[PDB]
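Chain by chain, the residues run as shown.
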Amino acid sequence: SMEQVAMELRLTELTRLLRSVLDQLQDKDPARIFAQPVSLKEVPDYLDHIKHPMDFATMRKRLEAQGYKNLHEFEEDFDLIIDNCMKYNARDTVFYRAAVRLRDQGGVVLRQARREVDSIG
């Protein structure tokens, strides 16, 4: 139908906007601490601690399959990256500190994304 097509155009455009959001968030991680899944070869107990691992590469795969229906779903995945790290790693570690800085800097990007998503509909 024409409606299914219109709906599909909306999703494609959301995917375009979220791709730009993701790029902007990933720039706030210049050390690439959150770029890839935590390695289960290198951290074999990880899934005993963290039940829903997340990272930027994994978000990107979902995004490119148009697997984010709305901004809420995308933010959920971003918050997992941060929250997983702040639980697994102690406060005095470069990893925890990286997550805090990503959270703080990402807030600004995500604030305007929400306005854009509501605005453009």
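Residues numbered from 1 in each chain as written, not as in the entry; some residues may be left out. Heavy atoms only, no water. Residues with missing side-chain atoms left out of burial classes, pairs and counts.

- As recorded in the PDB header, X-ray crystallography is the method behind this entry, and the stated resolution is 1.5100 Å.

**Side note on the overall build of the protein chain**
- Summing up its helical and strand segments, the protein chain has five helices and zero strands in all.
- A fraction of 64% describes how many contacts in the protein chain between residues 6 or more apart in sequence connect residues 24 or more apart. (Helix = DSSP H or I, 4+ residues; strand = E, 2+ residues; numbered from the N terminus. Contact = heavy atoms within 4.5 Å.)

**Concerning helix 1 (residues 2-27)**
- Taking 1.5 Å per residue as the helical rise, helix 1 with its 26 residues ought to reach 38 Å, and the 38 Å between its terminal C-alpha atoms agrees with that figure.
- For helix 1, the N-terminal cap is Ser-1; the gap from its side-chain oxygen to the backbone nitrogen of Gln-4 is 3.0 Å. (Expected span 1.5 Å × (residues − 1). Polar contact = N/O pair within 3.5 Å; in protein donor to acceptor, adjacent residues only side chain to side chain.)

**Remarks on the layout of surface pockets**
- Reported here for the largest pocket is a volume of approximately 330 Å³.
- Around the largest pocket, the lining is made up of 17 residues, and of these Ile-33, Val-38, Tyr-46, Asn-89 and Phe-95 lie nearest the centre.
- Among the elements that make up the lining of the largest pocket, the one with the highest residue count is helix 4 (residues 71-88) (four residues). (1 Å grid on protein atoms, 1.4 Å probe; cavity = no way out; pocket = protein on both sides within 12 Å on 5 of 7 lines; lining within 4 Å. Points joined across faces, edges and corners; volume = space filled by probe spheres on them.)

**As for the pattern of salt bridges**
- The tally for this structure, following the rule as stated, stands at six salt bridges.
- With its nearest N and O atoms 3.0 Å apart, the salt bridge here joins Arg-60 to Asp-23. Note that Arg-60 is positioned in helix 3 (residues 56-64) and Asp-23 in helix 1, a separation of 37 residues in sequence.
- The exposure class assigned to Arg-60 is partly exposed, which follows from its relative accessible area of 26%.
- Of the residues examined, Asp-23 reaches a relative accessible area of 35% and is grouped as partly exposed.
- Two residues, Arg-62 and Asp-77, come together in a salt bridge whose shortest N-O distance is 3.4 Å. Residue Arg-62 is located in helix 3, and its partner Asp-77 is located in helix 4; the two are separated by 15 residues in the primary sequence.
- According to the relative accessible area criterion, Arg-62 is partly exposed, its value standing at 30%. (Salt bridge = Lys/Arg side-chain N within 4 Å of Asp/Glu carboxyl O. Buried < 20%, exposed > 50% of the residue type's maximum accessible area, 1.4 Å probe, protein only.)

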